[PDB]
Ligand SMILES: Cc1ncc(C[n+]2csc(CCOP(=O)(O)OP(=O)(O)O)c2C)c(N)n1
Ligand SMILES: Cc1ncc(C[n+]2csc(CCOP(=O)(O)OP(=O)(O)O)c2C)c(N)n1
Ligand SMILES: [Ca+2]
Ligand SMILES: [Ca+2]
């Protein structure tokens, strides 16, 4: 059966520490940098003099638009995991946010553990950037090759069915399930919201659905981000959820206020989940309203606002790559260079190219890490079934009466 | 009257100190440890190496489920008492939470004071643990043996009646009344919530009801914990309470947050009570909503959550013992050991086994301690009543006109006597009745007091003799009346209630529980001082229930009370008031008595007066007496028959039969029995008639015809080894009757004067009196046929006066 991992369903009973929030902000910067490096760079990962157009990959593959939002969420979830010791698996619904998943596994240390050639220094960082979506490297999506994935999310709409399947008979497991707002338009996702009527908060775990409401899919706005906020809240409340909304990045709020605001809302949500779990130890006959998070952020958050006079941050234009060929024009290379420098990698990486200790000192350790949780490599949990003796169910009458006897319904035997 | 103790109704005007809360948390740990030690351990109380299965008691007796909740509440109440100096008595409704009460008394020091062998060290702690519910030790419940108990709470449902009785005329007394949520399902508890309409916040104290909503009774959930929180609050608000809810222990809140949360809520409740008391010094005409506490906690709180895969904390499975045999399995012993260690007794007890000073430094001291409050040992408060001079109420007309004069209602005489007791003993004497005080003719008390009523008033045309305070209380509930009075007595005051005879049976089980309290007190608890007696006027009895008829005819209170007369306890008095002068003599004896249940069976119908007061006092001292003024035999050898009677209607029929026997020339002797236990075996009862005194009265060998008020079986059972008992012929109630005339009631039960005359002649010589016997039997049918025809009894019946009347 499922292992009980960690100290599940524990409240914090303190504000989030300012130091942990500085951890989360550095995580977001370096994961964003490492996501961009994987998309754009074939050489010179830390932009040593000279950083020129030759360091840019000849063909740009991958998706920026969902990625900085995923890096934000993943940073805060890692802080949450280390502070609470919660058994946690993430479902990355926008699975084309591959660079966030690989960046996470690189930062939590499970990537170098699993893939010993990709070291935590400047030559390993070069190999890390070149290999992404490249001939003989690793895939564009959150593929089974990535530590921490149980869901590639290439084909969209199964995030919630997979989230709820994961928590069945898994009462210590917390699953933050990130749902694309375009992905929420699909058939399979739309019915997946009702799965909370099929789970039990005592005998099963907890899914927190996170609607990645960035406003855009590939080339269109999203239905759920263009309907009214009252309709959107009524919708989730109608499906048995208690919705919480977070809005960020559409003004000039400094990034540290955003993190504090988010950590406060996260801990309020988590206190609601711990209450549900504590109540279910006594009353699991009455279905709670589960929390869900509406995460409303600009698509492509922290990319340059305008590229060639077209709105890129907060648009569908940031979906694949905001900047379309940084290898072909001096102007576009300079945009890429300034973008990479906006995260200030001189503060993130040390002289050897390792991510600095104070970037990652908030991270979880051990089996609680996203890429090391056994629920994300579930073959390690699985045992052979105790199977009953097959002759107890055999139709013996063939041997008595002859081949071709009877009018049995074969599936009753299997039953 | 009640002592003013402490500084009552004082607000704190500060937050509860963090040190006191650290005291309360250690109290709860050590009381929980000491509760478990009492249930499980026969040796090695502090689990010194080696602590093995041999230290476990062979048989586990007692109740865990209610206990940690009670220990929590008691810890916080002790903190409250020490901080405020409040005069406080606890009613422990779930009285099977015995270990909490004994643990409290051990921790407050009153246990070692009272029981000097149970010392405050490791050998005293060993004796403390072994003795609980053990052969030759102490009981499982919150018994009268425990300092601080006024209520055993074995039989459930009297917590609130006792709480409200305790605070009557006790304006400084605070009573936190802990009510089981299963106990709240009973009849007597359910009506007990309405008692706040019968108390006055100026002249009485304050009850805080605490609903111990742990969710479970023995094997079931509780109704009140499974209905909605809105229904549960509306319910208490409908009954005149302002409900406060506390919820704890169903999550992982640390224990120190729980204590702070609770102390904050306690002090808010207490500020509301102090406001009520301060308002009542000016306005006590408008009934406040009293606070009440809904205490919602898991049953068996802090026991292991799961034992053998079954939920134990927060279940009915923790009711008796969570762990069923820690002596039989290594696995179950380890569960007990880890449970005992979870309270961390190494921080609680020092090297010698005394509870450490910092555990108990928050506790109250002196008479404010729960086990030392005089209201919990109310015999120390109680004084003799100032009783008026009994000859002022004597019916003098017996001496003027003759034995058998008049048509007085005997209970009116008692009514005038009790009026002047109330007048001389203000705030010390109460009358209770289930809407029957006037009906049982005790309404002369309204000349000096009122019926206490604190619900709404509407009009002087209907609301006569009512006031927001007064010494008479009426509610149509025998459970309330008996329970109010019982606690008024246990807190040192005095009184009486009255009832119709057949409805005494409603509280048979309350009388049983009061008698077991008394029996245990007089046998073995000398530190518990004598309380005033439980006095019950039993009126409107079976013979004069020919207007309500057959299903109101049950004199069977006497059989119930005869089962509590053993081992010379003398906690029962059963008295037949022959007339008004005997009623006076009985009433004075009962009003002077202590530690008893006194049943006084008196008629309220017009009847003759047979005795003077000086004769009534002579018959009453022995219990039975010959009436030589009524006998025509002049000693025991010329009597042919003995005509005995117990009760006013049997006395009337026997005296009317003796006049018809006298007219026939028969030599007989007449006996009256006022005190029923005088007939009890002289071996069994050293107050009863000696066998020589019994045979002088009754005879050695003559036929005794005995007209008895109640079932003949009562008497036949009592005299089974008395001299001449095979010659008794007892006539009692025999389950016959209807709505009919008074003659027809005595006729169908074979106790009328004509049948009794006829039975005497059959006993003497059924053959020479054969003509006159057939004559008497024919008249019985004819006097019945007269009643049918005319609508009232035959004039030979109704107009009879005893020949002794001049
Ligand atoms: C079933 C299916 N149809 C079409 C696509 C192509 N596709 C990939 S990403 C994408 C937009 C996804 O939108 P959202 O769910 O809004 O993702 P995000 O913005 O976070 O990038 C689409 C249409 C898909 N992945 N799956
Ligand atoms: C009149 C009466 N009937 C039955 C019982 C048996 N009995 C003892 S404890 C108990 C359960 C009591 O429940 P609650 O009042 O709920 O007590 P607690 O949970 O606090 O233990 C019962 C039914 C009783 N004590 N009194
Ligand atoms: Ca989107
Ligand atoms: Ca209960």
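Given B:297, B:329, which one is within 27 Å of residue B:140 (Cα to Cα), within 16 Å of ligand 4 (Cβ to nearest atom) and out of contact with any strand residue (DSSP E or B) (no Cβ under 6 Å at 6 or more places or on another chain)?
Values: B:329 fails: within 16 Å of ligand 4 (Cβ to nearest atom).
One residue alone meets the criteria, B:297.
Table: residues versus (1) closer than 24 Å to residue A:368 by Cα; (2) within 16 Å of ligand 3 (Cβ to nearest atom); (3) surrounded by fewer than 24 Cβ atoms within 10 Å (Cβ to Cβ).
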| position | (1), (2), (3) |
| --- | --- |
| A:171 | yes, no, yes |
| A:178 | yes, yes, no |
| A:194 | no, no, yes |
| A:197 | no, no, yes |
| A:207 | yes, no, no |
| A:221 | no, yes, yes |
| A:225 | no, yes, yes |
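For residue B:110, indicate whether it is within 30 Å of residue B:264 (Cα to Cα) and out of contact with any helix residue (DSSP H, G or I) (no Cβ under 7 Å at 6 or more places or on another chain).
Details: within 30 Å of residue B:264 (Cα to Cα): yes; out of contact with any helix residue (DSSP H, G or I) (no Cβ under 7 Å at 6 or more places or on another chain): yes.
Taking the combined requirement at face value, the residue satisfies it.
Output yes when any residue across region A:296-306 is surrounded by fewer than 20 Cβ atoms within 10 Å (Cβ to Cβ), free of Cβ contacts under 8 Å to residues at least 12 places away in the same chain, farther than 25 Å from residue A:18 by Cα and within 14 Å of chain B (Cβ to nearest Cβ), and no when none is.
No, that holds for no residue.
Could you check region A:333-355 and list, in sequence order, the residues that are free of Cβ contacts under 8 Å to residues at least 24 places away in the same chain and touching a strand residue (DSSP E or B) at 6+ places or on another chain (Cβ under 8 Å)?
None - no residue of region A:333-355 is free of Cβ contacts under 8 Å to residues at least 24 places away in the same chain and touching a strand residue (DSSP E or B) at 6+ places or on another chain (Cβ under 8 Å), so the list stays empty.
Out of the residues in region A:86-98 that are in contact with a helix residue (DSSP H, G or I) (Cβ under 6 Å, 6 or more places away or on another chain) and away from ligand 3 (no atom under 16 Å from the Cβ), which is farthest from the other protein chains (Cβ to nearest Cβ)?
A:89
Condition check ((1) under 30 Å from residue B:606 (Cα atoms); (2) part of a helix (DSSP H, G or I); (3) outside the structural domain of residue B:280 (by CATH)) across all residues:
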site	(1), (2), (3)
B:462	yes, no, yes
B:483	no, yes, yes
B:510	no, yes, yes
B:515	no, yes, yes
B:522	no, yes, yes
B:530	no, no, yes
B:535	yes, no, yes
B:538	yes, no, yes
B:559	yes, yes, yes
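If I filter region A:293-348 down to residues being within 16 Å of ligand 3 (Cβ to nearest atom) and outside any loop (DSSP other than H, G, I, E, B), which single residue comes out as nearest to residue A:216 (Cα to Cα)?
Ranking the qualifying residues of region A:293-348, first place goes to A:316.
Do the conditions hold for residue B:251, that is, is it surrounded by fewer than 21 Cβ atoms within 10 Å (Cβ to Cβ) and assigned to a loop (DSSP other than H, G, I, E, B)? Can you show your working first?
Details: surrounded by fewer than 21 Cβ atoms within 10 Å (Cβ to Cβ): yes; assigned to a loop (DSSP other than H, G, I, E, B): yes.
For residue B:251, the condition - surrounded by fewer than 21 Cβ atoms within 10 Å (Cβ to Cβ) and assigned to a loop (DSSP other than H, G, I, E, B) - is met.
When you scan region B:223-248, how many residues do you find that are within 14 Å of another protein chain (Cβ to nearest Cβ) and either within 14 Å of ligand 4 (Cβ to nearest atom) or in a helix (DSSP H, G or I) (or both)?
Adding up the residues that qualify gives 3.
Among the listed residues A:328, A:357, identify the single one that is surrounded by fewer than 20 Cβ atoms within 10 Å (Cβ to Cβ) and more than 25 Å from residue A:63 (Cβ to Cβ). It would help to see each step written out before you state the result.
Numbers: A:328 fails: more than 25 Å from residue A:63 (Cβ to Cβ).
Selected residue: A:357, the only one of A:328, A:357 that is surrounded by fewer than 20 Cβ atoms within 10 Å (Cβ to Cβ) and more than 25 Å from residue A:63 (Cβ to Cβ).
For region B:203-222, enumerate the residues that are within 16 Å of ligand 4 (Cβ to nearest atom) and closer than 22 Å to residue B:476 by Cα. Working first, answer last.
Of the residues in region B:203-222, the ones within 16 Å of ligand 4 (Cβ to nearest atom) are B:209-222.
B:209, the sole residue that qualifies.
Go through B:322, B:291 for me and flag whichever is within 33 Å of the chain's Cα centre (by Cα) and in contact (Cβ under 8 Å) with a residue 60 or more places away in the chain. Give the steps one after another, and end with the answer.
Working: B:322 fails: within 33 Å of the chain's Cα centre (by Cα).
Only one candidate passes the filter, namely B:291.
Testing residue A:147 on (1) in a loop (DSSP other than H, G, I, E, B); (2) out of contact with any strand residue (DSSP E or B) (no Cβ under 9 Å at 6 or more places or on another chain); (3) surrounded by fewer than 24 Cβ atoms within 10 Å (Cβ to Cβ), one condition comes back false. Which one is that?
(3)
Scanning region A:256-287 for residues that are in contact (Cβ under 8 Å) with a residue 40 or more places away in the chain, within 14 Å of another protein chain (Cβ to nearest Cβ) and assigned to a loop (DSSP other than H, G, I, E, B), which turns out nearest to residue A:241 (Cα to Cα)?
Ranking the qualifying residues of region A:256-287, first place goes to A:284.
When region A:11-32 is examined, which residues are found to be in contact (Cβ under 8 Å) with a residue 40 or more places away in the chain and within 14 Å of chain B (Cβ to nearest Cβ)?
Across region A:11-32, the qualifying residues are A:11, A:12.
Would you point out the residue of region B:170-202, among those that are within 17 Å of residue B:474 (Cα to Cα) and not in a helix (DSSP H, G or I), that is farthest from ligand 2 (Cβ to nearest atom)?
Filtering region B:170-202 for residues that are within 17 Å of residue B:474 (Cα to Cα) and not in a helix (DSSP H, G or I), the one farthest from ligand 2 (Cβ to nearest atom) comes out as B:200.
Let me confirm something: among A:144, A:116, A:139, which residue is without any contact (Cβ under 8 Å) to a residue 24 or more places away in the chain and under 19 Å from the mean Cα position of the chain (by Cα)? Break it down stepwise before answering.
Working: A:116 fails: under 19 Å from the mean Cα position of the chain (by Cα); A:139 fails: without any contact (Cβ under 8 Å) to a residue 24 or more places away in the chain.
Selected residue: A:144, the only one of A:144, A:116, A:139 that is without any contact (Cβ under 8 Å) to a residue 24 or more places away in the chain and under 19 Å from the mean Cα position of the chain (by Cα).
Within region A:156-165, identify whether any single residue is farther than 20 Å from residue A:213 by Cβ and away from ligand 1 (no atom under 16 Å from the Cβ), and answer yes or no.
Yes, the conditions are met somewhere in region A:156-165.
Basis: the model, the stated rules and, where named, an outside source; no laboratory read-out is quoted. Counting neighbours? That spans all protein chains shown, and the Cβs are built from the backbone with ideal geometry, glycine included.
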